[PDB]
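Undergrad: Enclosed is the structure file my_file13.tsv (TSV, C-alpha atoms (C1' of nucleotides)).
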chain	number	residue	atom	x	y	z
A	1	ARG	CA	-13.16	-46.19	-10.32
A	2	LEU	CA	-14.23	-44.28	-7.19
A	3	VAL	CA	-11.96	-41.38	-8.15
A	4	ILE	CA	-13.49	-41.40	-11.63
A	5	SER	CA	-17.01	-41.43	-10.21
A	6	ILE	CA	-16.44	-38.42	-7.97
A	7	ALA	CA	-14.40	-36.64	-10.65
A	8	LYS	CA	-17.21	-36.37	-13.21
A	9	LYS	CA	-18.73	-33.73	-10.91
A	10	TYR	CA	-15.99	-31.17	-11.58
A	11	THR	CA	-16.28	-31.17	-15.38
A	12	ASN	CA	-16.38	-27.56	-16.55
A	13	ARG	CA	-13.85	-25.48	-14.59
A	14	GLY	CA	-11.17	-25.20	-17.27
A	15	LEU	CA	-9.42	-28.48	-16.43
A	16	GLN	CA	-8.61	-31.46	-18.64
A	17	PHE	CA	-10.64	-34.37	-17.22
A	18	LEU	CA	-7.44	-36.34	-16.84
A	19	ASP	CA	-5.88	-33.68	-14.62
A	20	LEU	CA	-9.00	-33.92	-12.47
A	21	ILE	CA	-8.70	-37.69	-12.12
A	22	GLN	CA	-5.01	-37.30	-11.30
A	23	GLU	CA	-5.64	-34.80	-8.53
A	24	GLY	CA	-8.28	-37.18	-7.21
A	25	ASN	CA	-5.76	-40.01	-7.22
A	26	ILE	CA	-3.36	-37.88	-5.20
A	27	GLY	CA	-6.10	-37.09	-2.70
A	28	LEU	CA	-7.11	-40.74	-2.44
A	29	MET	CA	-3.54	-41.84	-1.82
A	30	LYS	CA	-3.23	-39.13	0.83
A	31	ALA	CA	-6.40	-40.36	2.53
A	32	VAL	CA	-5.28	-43.99	2.42
A	33	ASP	CA	-1.90	-43.21	3.96
A	34	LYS	CA	-3.65	-41.00	6.53
A	35	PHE	CA	-6.76	-43.17	6.93
A	36	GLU	CA	-7.43	-44.13	10.55
A	37	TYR	CA	-9.66	-47.13	11.23
A	38	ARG	CA	-8.95	-46.89	14.98
A	39	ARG	CA	-10.00	-43.24	15.28
A	40	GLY	CA	-13.63	-44.20	14.61
A	41	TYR	CA	-14.56	-42.73	11.23
A	42	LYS	CA	-16.31	-44.17	8.18
A	43	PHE	CA	-13.58	-45.09	5.70
A	44	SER	CA	-15.42	-44.15	2.49
A	45	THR	CA	-16.40	-40.71	3.79
A	46	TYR	CA	-12.80	-40.06	4.87
A	47	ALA	CA	-11.61	-40.99	1.38
A	48	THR	CA	-14.20	-38.93	-0.51
A	49	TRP	CA	-13.52	-36.04	1.87
A	50	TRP	CA	-9.83	-35.97	0.97
A	51	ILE	CA	-10.73	-36.47	-2.70
A	52	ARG	CA	-12.80	-33.30	-2.71
A	53	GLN	CA	-10.33	-31.45	-0.48
A	54	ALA	CA	-7.72	-32.01	-3.19
A	55	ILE	CA	-9.82	-31.62	-6.33
A	56	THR	CA	-11.53	-28.39	-5.29
A	57	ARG	CA	-8.23	-26.99	-4.04
A	58	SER	CA	-6.57	-27.71	-7.38
A	59	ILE	CA	-9.37	-26.19	-9.46
A	60	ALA	CA	-9.47	-23.15	-7.21
A	61	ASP	CA	-5.75	-22.54	-7.53
A	62	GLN	CA	-4.61	-23.56	-11.03
A	63	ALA	CA	-7.88	-23.16	-12.96
A	64	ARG	CA	-7.89	-19.43	-13.65
A	65	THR	CA	-4.90	-17.93	-15.40
A	66	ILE	CA	-4.55	-15.24	-12.71
A	67	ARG	CA	-4.64	-17.14	-9.43
A	68	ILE	CA	-7.27	-15.74	-7.06
A	69	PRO	CA	-7.92	-16.32	-3.34
A	70	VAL	CA	-10.28	-19.19	-2.63
A	71	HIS	CA	-12.61	-17.14	-0.45
A	72	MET	CA	-13.07	-14.90	-3.48
A	73	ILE	CA	-14.11	-17.97	-5.47
A	74	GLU	CA	-16.64	-18.81	-2.77
A	75	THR	CA	-17.89	-15.25	-3.07
A	76	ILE	CA	-18.41	-15.79	-6.80
B	1	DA	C1'	-56.57	-59.30	25.49
B	2	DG	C1'	-51.13	-59.61	24.14
B	3	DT	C1'	-47.30	-59.12	21.29
B	4	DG	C1'	-45.57	-56.20	18.28
B	5	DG	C1'	-45.13	-51.70	16.16
B	6	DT	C1'	-44.43	-46.48	16.38
B	7	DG	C1'	-42.39	-42.52	17.96
B	8	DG	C1'	-39.03	-40.20	20.57
B	9	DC	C1'	-34.87	-40.23	22.78
B	10	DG	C1'	-30.34	-41.99	23.41
B	11	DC	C1'	-26.07	-43.77	21.81
B	12	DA	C1'	-22.97	-44.10	18.44
B	13	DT	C1'	-21.34	-42.31	14.24
B	14	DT	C1'	-20.83	-38.96	10.77
B	15	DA	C1'	-20.09	-34.22	8.69
B	16	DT	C1'	-19.20	-29.35	8.51
B	17	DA	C1'	-17.67	-24.91	9.95
B	18	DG	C1'	-14.81	-21.75	12.67
B	19	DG	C1'	-10.85	-20.53	15.08
B	20	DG	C1'	-6.00	-20.57	16.04
B	21	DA	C1'	-1.63	-20.63	14.37
B	22	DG	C1'	1.34	-19.55	10.95
B	23	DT	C1'	3.21	-16.85	7.43
B	24	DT	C1'	3.70	-13.13	3.84
B	25	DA	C1'	3.18	-9.04	2.31
B	26	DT	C1'	1.23	-4.35	2.34
B	27	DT	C1'	1.24	-0.19	5.26
B	28	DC	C1'	1.71	3.31	9.15
B	29	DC	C1'	5.24	5.90	12.24
B	30	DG	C1'	9.41	8.29	13.37
B	31	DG	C1'	14.53	10.70	12.82
B	32	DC	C1'	17.51	13.13	9.95
B	33	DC	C1'	19.25	15.54	6.01
B	34	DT	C1'	17.94	19.08	2.39
B	35	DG	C1'	16.09	23.45	1.73
B	36	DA	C1'	14.50	27.87	2.57
B	37	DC	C1'	14.77	32.49	5.30
B	38	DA	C1'	16.94	36.32	7.91
B	39	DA	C1'	21.14	38.65	8.99
B	40	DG	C1'	25.90	40.45	8.72
B	41	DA	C1'	30.48	42.16	6.82
B	42	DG	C1'	34.07	44.01	3.53
B	43	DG	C1'	35.21	45.83	-0.77
B	44	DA	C1'	34.07	47.89	-5.47
B	45	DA	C1'	31.10	50.39	-9.57
B	46	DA	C1'	27.86	53.91	-10.35
B	47	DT	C1'	25.92	58.59	-9.83
B	48	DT	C1'	25.87	63.39	-8.66
B	49	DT	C1'	27.77	68.01	-8.08
B	50	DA	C1'	31.43	71.38	-8.14
B	51	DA	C1'	35.22	73.48	-10.49
B	52	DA	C1'	37.74	74.69	-14.77
B	53	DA	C1'	38.23	75.44	-19.84
B	54	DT	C1'	36.57	76.25	-25.59
B	55	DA	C1'	33.25	78.38	-28.42
B	56	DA	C1'	29.71	81.95	-28.83
B	57	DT	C1'	27.19	86.89	-27.08
B	58	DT	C1'	27.63	91.38	-25.57
B	59	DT	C1'	30.01	95.54	-24.84
B	60	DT	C1'	33.55	98.65	-25.88
B	61	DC	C1'	37.00	100.72	-28.71
B	62	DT	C1'	39.18	101.91	-33.17
B	63	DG	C1'	39.39	103.06	-37.97
As structure tokens, how would this structure be written, given the file I've shared?

TA:
Amino acid sequence: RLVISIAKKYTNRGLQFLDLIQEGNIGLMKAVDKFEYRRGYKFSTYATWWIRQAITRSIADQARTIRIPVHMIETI
DNA sequence: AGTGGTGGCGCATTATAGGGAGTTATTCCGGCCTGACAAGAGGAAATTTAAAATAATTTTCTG
């Protein structure tokens, strides 16, 4: 449910909700496999971080038909 | 009048941005081949003038 909770943010960037939740699942798995409890870092933040890092990356890249650099998106 | 509470700083934790490294892909820099000019040579068509002949003018001779 955490992935679902964070996903509902990105809900209008030309992306089927389910694709969003899927990208979030990939990011969460990546965080879990990379999560470090011994490095000294709040687990939940680490997770959510990766979640966003994946979701925003996916929307930036595959949202628009003509793919556009991400810094350009930030400019917009 | 004392024990706790408040604020500020410290310690520990948390979050965010920039820089370095890579990597790709566009873009500048240089040599070398095309392309243009200037010249030179040998041989051949064209043009011009001089000389030689037919058809007309002038003079002379004949009827």

Undergrad: Chain A residues within 10 Å of chain B, counting only C-alpha atoms (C1' of nucleotides): which ones, as a list in words?

TA: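 Putting it all together, I get residues 40, 41, 42, 45 and 49 of chain A.
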
Undergrad: So that I can see what lies close to residue 30 (chain A), please list as a PyMOL selection string the residues with an atom at most 12 Å from it, counting all atoms listed in the file and leaving out residues fewer than 4 positions away in the same chain.

TA: chain A and resi 23-26+34-36+46-54

Undergrad: Could you check the closest approach to residue 1 (chain A) for each of A:60, A:15, A:68, A:21 and tell me which residue wins, using only C-alpha atoms?

TA: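 Checking each of A:60, A:15, A:68, A:21 against residue 1 (chain A), counting only C-alpha atoms, the winner is A:21.
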
Undergrad: If you count only C-alpha atoms (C1' of nucleotides), which residues fall within 10 Å of residue 8 (chain A), apart from same-chain ones fewer than 4 positions away, as a VMD selection string?

TA: chain A and resid 3 to 4 12 17 20 to 21

Undergrad: Suppose you want the space between CA of residue 39 (chain A) and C1' of residue 17 (chain B); what is it in Å?

TA: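 Going from CA of residue 39 (chain A) over to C1' of residue 17 (chain B), I get 20.6 Å.
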
Undergrad: Distance CA of residue 73 (chain A)-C1' of residue 16 (chain B), one decimal place?

TA: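 We find that CA of residue 73 (chain A) and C1' of residue 16 (chain B) lie 18.7 Å from each other.
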
Undergrad: Could you write out as JSON the box around region 15-28 of chain B (axis-aligned, all atoms listed in the file, 5 Å on each side), with centre and edge lengths in Å to one decimal?

TA:
{"center_x": -8.2, "center_y": -15.5, "center_z": 9.2, "size_x": 33.8, "size_y": 47.5, "size_z": 23.7}

Undergrad: Taking only C-alpha atoms into account, which of A:2, A:9, A:22, A:38 comes nearest residue 58 (chain A)?

TA: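 Answer, going by the shortest atom-to-atom distance: A:22.
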
Undergrad: Just give me the gap between CA of residue 11 (chain A) and CA of residue 61 (chain A) in Å, one decimal is fine.

TA: 15.7 Å
